[PDB]
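Scroll down for the structure; my scribbles are underneath it.
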Amino acid sequence: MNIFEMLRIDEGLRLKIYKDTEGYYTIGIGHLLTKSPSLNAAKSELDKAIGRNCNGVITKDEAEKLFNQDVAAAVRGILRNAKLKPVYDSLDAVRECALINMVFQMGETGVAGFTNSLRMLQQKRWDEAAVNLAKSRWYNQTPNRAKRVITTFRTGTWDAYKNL
Ligand SMILES: [Cl-]
Ligand SMILES: [Cl-]
Ligand SMILES: [Cl-]
Ligand SMILES: [Cl-]
Ligand SMILES: [Cl-]
Ligand SMILES: [Rb+]
Ligand SMILES: [Rb+]
Ligand SMILES: [Rb+]
Ligand SMILES: [Rb+]
Ligand SMILES: [Rb+]
């Protein structure tokens, strides 16, 4: 298990534009296209992302291309974010994956807002952090995915993903 396998479990793979858990147009492995309700706006974003005439459909290789961009950019953005960088650097490589997962799902700014949980993580107060992380819209709206991510933070193991 690694970050790619983890997010592939959590996000799935779809080759046609679809609506994510929040109702937003998405494709591939959790590649958010737009929050607009206009499918045409989503289709324009897609063509621009891939560099061709897709009208809503991509290949697996293309989906994987966007996914590695998105993971790379999540890591890079964490390391440029003054709130998230110290926490990332303080964490072991398994727990880092949980942080990348959260940023992938809810964006940098959203994760950086978990001030109290981030402090508990940097303090290595794992069960306290886990309790705090669950007190969130995040957890309420996607509780099974959040449980998996939280278990990864709490334990530093892949127990919540091994054989998914
Ligand atoms: Cl439209
Ligand atoms: Cl993009
Ligand atoms: Cl604790
Ligand atoms: Cl709490
Ligand atoms: Cl869920
Ligand atoms: Rb998804
Ligand atoms: Rb996403
Ligand atoms: Rb729509
Ligand atoms: Rb580290
Ligand atoms: Rb905050």
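All Cβ positions, even for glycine, are placed from backbone atoms using ideal geometry, and neighbour counts span all protein chains on display. Readers should treat all values here as calculations from the given coordinates under stated rules, not as data from a laboratory.
Which condition number does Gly113 fail, the rest of (1) away from ligand 4 (no atom under 16 Å from the Cβ); (2) under 22 Å from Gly30 (Cβ atoms) being met?
(1)
Filter the helices (runs of 4 or more DSSP H) completely within the range 57-164 down to those with at least 2 residues that are touching a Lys or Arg at 6+ places or on another chain (Cβ under 6 Å).
The qualifying helices (runs of 4 or more DSSP H) are 126-133.
Taking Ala42 as the residue in question, decide whether it is surrounded by 18 or more Cβ atoms within 10 Å (Cβ to Cβ) and within 18 Å of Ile9 (Cβ to Cβ).
For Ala42, the condition - surrounded by 18 or more Cβ atoms within 10 Å (Cβ to Cβ) and within 18 Å of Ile9 (Cβ to Cβ) - is not met.
Across the range 1-24, which residue is farthest from ligand 9 (Cβ to nearest atom) among those that are of a type in the set (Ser, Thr, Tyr) and over 18 Å from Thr59 (Cβ atoms)?
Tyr24
What about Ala129, is it small (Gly, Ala, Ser), more than 21 Å from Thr21 (Cβ to Cβ), surrounded by 15 or more Cβ atoms within 10 Å (Cβ to Cβ) and more than 18 Å from the chain's Cα centre (by Cα)?
Yes: the conditions hold for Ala129.
Counting just the residues of the range 58-72 that are out of contact with any helix residue (DSSP H, G or I) (no Cβ under 9 Å at 6 or more places or on another chain) and among the aliphatic types (A, V, I, L, M), which one comes out surrounded by the fewest Cβ atoms within 10 Å (Cβ to Cβ)?
In this case the residue turns out to be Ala72.
List the number of the failed condition for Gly56; all other conditions in (1) within 16 Å of ligand 8 (Cβ to nearest atom); (2) without any contact (Cβ under 8 Å) to a residue 24 or more places away in the chain hold.
Condition (2) is where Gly56 drops out.
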